[PDB]
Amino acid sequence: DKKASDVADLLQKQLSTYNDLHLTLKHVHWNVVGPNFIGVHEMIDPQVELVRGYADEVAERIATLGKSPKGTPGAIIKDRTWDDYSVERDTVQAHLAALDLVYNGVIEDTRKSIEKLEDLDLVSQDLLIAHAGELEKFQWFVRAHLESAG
């Protein structure tokens, strides 16, 4: 129960971020309009599944550690730090810029936890290190759209 409790808490934070993340991901998928919006749909779909699956992993890891994971809407806002995605019906430029911002928080938060799990739980850390690869790759695809010349 020693450090496991502490790790379990770190994961809960991650759990709420993922839930909030795939909800948001879906939200923009539904509200993006404009010329190149099919490409955005194409790009979001797989990420939504990846993140949803990461929520399952993170959640099942919290339970394996001994605590009870929370996935209800209330727990999402309680844990939440990143306000609430506020861009609605809009273009690819607006939603991508906003999403890039969302990922800065997600990636930065994931890096810290990986750093914090170094001496608590290698397994749980490896879990986060695997997620960071896709989280960061995705942000790049997002950024790549906002570069009409680079």
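Quick note: we count residues from 1 along the sequence shown, nothing fancier.
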**OP:** Mind pulling up the entry and telling me whether 110-118 or 78-86 has the higher mean Cα temperature factor?
**Re:** 78-86
Original post:
On average, which has the higher Cα B-factor in the deposited entry, 55-63 or 30-38?
Top reply: 30-38
Subject >> Residue selected from 125, 47, 93, 104 by maximal Cα B factor >> reply: 93
**OP:** Please rank the C-alpha B-factors of the chain's modelled residues and tell me whether residue 7 sits in the lowest, middle or highest third.
**Re:** highest
